[PDB]
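Chains as they are written, first to last, in the deposited numbering: chain A, 243 to 338; chain B, 1 to 145; chain C, 1 to 338; chain D, 1 to 400; chain E, 201 to 250.
Here a beta-carbon is modelled for each residue, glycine too, at the ideal position from N, C-alpha and C.
Notes to accompany the following structure.
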Amino acid sequence: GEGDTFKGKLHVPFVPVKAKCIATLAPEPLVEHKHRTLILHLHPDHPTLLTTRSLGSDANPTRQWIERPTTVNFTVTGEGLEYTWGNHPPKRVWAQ
Amino acid sequence: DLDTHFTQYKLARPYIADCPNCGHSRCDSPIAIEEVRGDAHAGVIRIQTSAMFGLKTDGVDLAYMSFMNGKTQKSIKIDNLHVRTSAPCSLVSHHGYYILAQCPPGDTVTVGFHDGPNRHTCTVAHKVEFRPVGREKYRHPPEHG
Amino acid sequence: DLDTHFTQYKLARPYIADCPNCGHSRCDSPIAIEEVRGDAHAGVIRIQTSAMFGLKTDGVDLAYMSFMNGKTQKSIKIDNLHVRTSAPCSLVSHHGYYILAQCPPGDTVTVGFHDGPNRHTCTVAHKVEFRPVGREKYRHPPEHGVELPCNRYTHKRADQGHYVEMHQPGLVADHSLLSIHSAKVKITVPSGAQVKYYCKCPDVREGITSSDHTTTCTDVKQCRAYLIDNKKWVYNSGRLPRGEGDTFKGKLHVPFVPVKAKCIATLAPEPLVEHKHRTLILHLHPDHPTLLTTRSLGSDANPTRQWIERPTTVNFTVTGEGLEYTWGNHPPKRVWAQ
Amino acid sequence: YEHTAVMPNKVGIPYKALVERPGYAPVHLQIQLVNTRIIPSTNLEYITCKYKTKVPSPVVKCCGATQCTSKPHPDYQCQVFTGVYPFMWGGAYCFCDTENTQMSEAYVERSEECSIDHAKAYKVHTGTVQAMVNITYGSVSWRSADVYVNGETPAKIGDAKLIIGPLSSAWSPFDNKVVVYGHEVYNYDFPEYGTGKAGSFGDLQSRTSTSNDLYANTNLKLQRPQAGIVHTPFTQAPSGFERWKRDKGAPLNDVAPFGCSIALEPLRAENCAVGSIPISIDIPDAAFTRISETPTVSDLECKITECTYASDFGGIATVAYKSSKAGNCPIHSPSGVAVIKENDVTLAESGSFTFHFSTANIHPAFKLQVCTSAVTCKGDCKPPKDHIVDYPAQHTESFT
Amino acid sequence: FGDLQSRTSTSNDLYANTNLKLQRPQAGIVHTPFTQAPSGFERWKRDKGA
């Protein structure tokens, strides 16, 4: 309209907000221990990324989405290792 | 307490526009859509349709929609307000120009009501995807977790 | 004939349970979904809803359904029952708590009737895949082809292969029993059903009665509003509380037992054969991914198998011992060389 | 009484040392670090999020041109088109065939979702670290003190007063540039304010959520409407903030070494086990008692019972006490070879009381100090086969 | 493979090592959510060798 932009400032009906959705939880891995190495026997139901992080000076991180059931390994040093499988709470581990 | 929004209800009127893919071609549907905000996580989508549903002509019938046909508006029932994607969606709430609904992922979003003798549908091309919050890239809100 | 299964018909009654995604949120729908069984070959699905589909109140109206609306049921028609997935499905048969349908592949399954003024649907996250019989990874049953011994649910229901326990349901709360006797909270009864009853405050502590009144407490949100109504039994669902009294028997037959039927399977286009000295050349023009396998008949098997999707031309070193190959589900062929 | 001592920086490891106070009965100490919050100084630069192209209604003169104006809107792109013939539901919109011109304008405005979801750029400095220390020394058996690391601030909770730090290592897991996204921290190198490339990170840059002005380089360009229809076809790069959200790297809270975790907070990096702390503490002389009161435990001997070459307290030993009077007696090993979980033992007349400890040597030869009575507990250890325990508490790995 | 093993189809005794662990019910809703590994027989039914 060539005349003018009239008033009528109108509120947005549905404003996005930070609510709390319910998220999935992957089945707990089957943990198998060896001498100074951690074997994670796990079966993911849906593609989930697991992260590992050494507690020593050098992080040596590894992020890897996995979909098919797989067996992974980890060299757990005397400093220690921690891993986060899916959205489970993080867990740490020793070495002897 | 739904009568404290008369600025939207009374000062606004139904509106009509170029739907890009109204039915088989690009007609001028009364429910032409614009600015679909598919940026949430739980699969919900906010759609701003040209038609402004809400209260009836004067102040009542929240469960009625009012679109514009020809020179005039027409407040009728909301019987078959349909929102679709690659799979049919499910309505949640509607107010003014904006209707809140949740859809499965798909490449296009369609909106269509039913006057009763007429179809009156409209759609648009728009990517829709929903990655759940968390490290488990699922595709449907689960029962527990 | 159809009235020869009254173990389920009269003795069981549908109840209400907690649907994960009823309508738009987690409501308590009467069509709550349990035990989606997507294990058939031809994409056939069995669904166990908490609503009882099949006969009317006593023995009739196959074209009717019975759900539970609050503390009482109301049998209606099957007018607009629909089971849906990524794409709308096609129902085959309904009986008792179970529905049989043929669904397209998809990630979510929904079940919903239509009362007429309301939808009252339910849905659960549960993927349903298609597994084509044989070695030809198709997506829908073709109109022709060679048949194979698939495994599939039978449309018949008069079977006794398997049973599921049907104990007395747990009791249900109904706050709408808790009316007000002008100043005290007041409890009625559906038909003389057992109303377990007590409040936070000290008052009547068991409740096995007709319509009682409260002497002590005042708030309807501080009394137990329960209905033990096991004159009619319910399925051993994981979504209902279990009455601590005892677990009833009364197991009834499962409607649709899996059977070893014979489904039609797709037949891939035949290869174009071409040859050179001690060398088979094979031209393949698949329409859908089909497994090719080969096997030498000599002392060394030397197997080779690969899924092929795009049209391709392959070769094979054919020794005088001979060579076998099995394109798709066509009968295996075998050859010599010069 | 002023016992200065360097302490390794660990959270769940005690420091049960012994005060060699002359003229009085020695008093054991015990220090634990609940938290090692770093809290580096930070300065916000800008916040980025998805944008929304708020396109106003087009201006359509039916017969005649219309020059556009350079409005001050951010990334305000305006262009006039010629030779258009718009239809609408009511028929063709004009009777002219070539003088029809459309004045279409569009500008970038931050999305409504920016109020909740938005990345935060941060440039950080060294800052000052803080710790919560628990000291259950002497007979008081309690403390709940929050302390700093600067080598000046005294902490005088309860009766004792002490000073902590500074840390031996200036290691900071945070880089000079830090990006915070809602709850996770990424050390991504955001370029600078007002310079973001289109499509990349920070295509839209706002100084603050309250700030009206912003920097929107989205490469937005309008184009001619097609086949005579009223709309505003605009071509722009996809939302740069949407990118890097589905392909961001691992969060810093998942790659920071030394087992340091972060939080949506002043950005402390707690449990950052690194370096040592030069701890100095002033014990009040009130807790001290006359040396002439402690019973004499001379002419005693130490016997090993069972030592496990492990990390948990698998080592046990029995001490043949030879005492005269009865009373409490602190126990501590000055050598770092073995660590004793047991803290206090009451002495009977020539009794024997077992205690637990842990070691890391095959044949541990460690001095044992028992309320002014030295004895060496030499023995042998055996490695375990089921290496399933809590985290190591011996903290004494060396040549064996 | 062999996550569930029975000595015969009619055998009332069986072995099932499936890592079945129960989970807290979400939001005061009456249900029995369980954390369960995917069906072992389903695996090796999609990736069986020749």
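Quiz item: Excluding the five sequence neighbours on either side, which residues of its own chain have a C-beta within less than 7 Å of the C-beta of residue 175 of chain C, listed in chain order?
Solution: 220, 225
Quiz item: Using the C-alpha atoms, what's the distance from residue 240 of chain C back to residue 168 of chain C?
Solution: 11 Å
Quiz item: Going by DSSP, what residues sit across from residue 287 of chain C in a beta bridge?
Solution: None, per the DSSP bridge assignment.
Self-check item: Top-ranked residue by Cα proximity to residue 40 of chain C, from C/139, C/151, C/55, C/104
Solution: C/151
Quiz prompt | Span of the alpha helix (DSSP H) around residue 9 of chain C | solution = 6 to 9
Quiz item: Just reading off the beta strand (DSSP E) that residue 180 of chain C is part of, what are its end residues?
Solution: 178 to 180
Quiz item: For residue 155 of chain C versus residue 93 of chain C, is the C-beta distance shorter than 8 Å?
Solution: yes
Quiz item: Which residues, in chain order, does the region 210 to 244 of chain E contribute to contact with chain B at a C-beta distance below 8 Å?
Solution: 223, 225, 226, 231, 233
Quiz item: For the region 301 to 330 of chain A, which residues have a CB atom closer than 7 Å to at least one CB atom of chain B, in sequence order?
Solution: 328, 329
Practice problem: Just grab the DSSP bridge partners of residue 33 of chain C for me. | Solution: C/49
Self-check item: For residue 262 of chain C, the three-state DSSP class (helix, strand or coil)
Solution: coil
Self-check item: residue 256 of chain A, buried or exposed, once every other Cβ within 10 Å from all chains shown has been counted against 16
Solution: buried
Self-check item: Beta-ladder partner(s) of residue 315 of chain D, from DSSP
Solution: D/357
Quiz item: Alpha carbon to alpha carbon, how far is residue 200 of chain C from residue 245 of chain C?
Solution: 22 Å
Quiz prompt | Integer-rounded CB distance, given that residue 236 of chain D should sit under 8 Å from residue 220 of chain D | solution = 4 Å
Quiz item: Who are the Cβ neighbours of residue 28 of chain B in its own chain at under 8 Å, not counting the five residues just before and after it?
Solution: 16, 17, 18, 19, 22
Practice problem: Would you list the residues sitting across from residue 313 of chain C in a DSSP beta bridge? | Solution: C/283
Quiz item: Going along the chain, which residues of its own chain have a beta-carbon closer than 6 Å to the beta-carbon of residue 299 of chain D, five neighbours each way excluded?
Solution: 322
Quiz prompt | 3 or more residues per run - each beta strand (DSSP E) lying fully within the region 288 to 344 of chain D | solution = 301 to 308, 315 to 320, 327 to 332, 338 to 340
Self-check item: Under 8 Å by beta carbon: chain C residues contacting residue 143 of chain B
Solution: 20, 124, 125
Exercise. Could you tell me which residues DSSP puts in a beta bridge with residue 224 of chain C?
Key: C/198
Quiz item: How long is the line joining the alpha carbons of residue 14 of chain C and residue 74 of chain C, rounded to whole angstroms?
Solution: 10 Å
Self-check item: Exposure of residue 312 of chain D, with buried meaning 16 or more beta-carbon neighbours within 10 Å
Solution: buried
Practice problem: Name, going along the chain, the residues of the region 80 to 106 of chain D whose beta-carbon falls closer than 9 Å to a beta-carbon of chain B. | Solution: 87, 88, 89, 90
Self-check item: Spatial neighbours of residue 304 of chain A in its chain, beta-carbon cut-off 6 Å, leaving aside the 5 residues before and after
Solution: 294
Quiz item: Listing by chain order, which chain B residues have their CB less than 8 Å from the CB of residue 113 of chain D?
Solution: 37, 39
Quiz item: Taking Cβ-Cβ distances shorter than 9 Å, what residues in chain A pair up with residue 73 of chain B?
Solution: Near residue 73 of chain B there are no residues of chain A at all, since even the closest Cβ is about 17 Å away, more than 9 Å.
Quiz item: Residues of chain H with a CB under 7 Å from the CB of residue 244 of chain A: which are they?
Solution: Looking for chain H here will not work: the only protein chains present are A, B, C, D and E.
Self-check item: Minimum Cβ-Cβ distance from residue 275 of chain A to chain E less than 8 Å
Solution: no
Quiz item: What does residue 339 of chain C touch in chain B if you count any residue whose Cβ is under 8 Å from its own?
Solution: Residue 339 of chain C lies beyond the residue range present for chain C, which begins at 1 and ends at 338; the question has no answer from this structure.
Quiz item: the region 265 to 297 of chain A: which residues have C-beta closer than 7 Å to a C-beta of chain B, in chain order?
Solution: 265, 266, 267, 268, 288, 289, 290, 291
Self-check item: chain A contacts from the region 4 to 20 of chain B (Cβ-Cβ distance under 9 Å)
Solution: 5, 7, 8, 11, 12
Exercise. Apply the 10 Å Cβ neighbour rule to residue 278 of chain A and answer buried if 16 or more other Cβ atoms are within range, or exposed otherwise.
Key: exposed
Self-check item: Boundaries of the beta strand (DSSP E) in which residue 67 of chain B is found, first to last residue
Solution: 64 to 69
Quiz prompt | chain A residues whose Cβ lies nearer than 8 Å to that of residue 306 of chain D | solution = None at all; the shortest Cβ gap to chain A is about 18 Å.
Practice problem: For residue 392 of chain D, decide whether its Cβ has a neighbour in chain A, counting only Cβ atoms nearer than 8 Å. | Solution: yes
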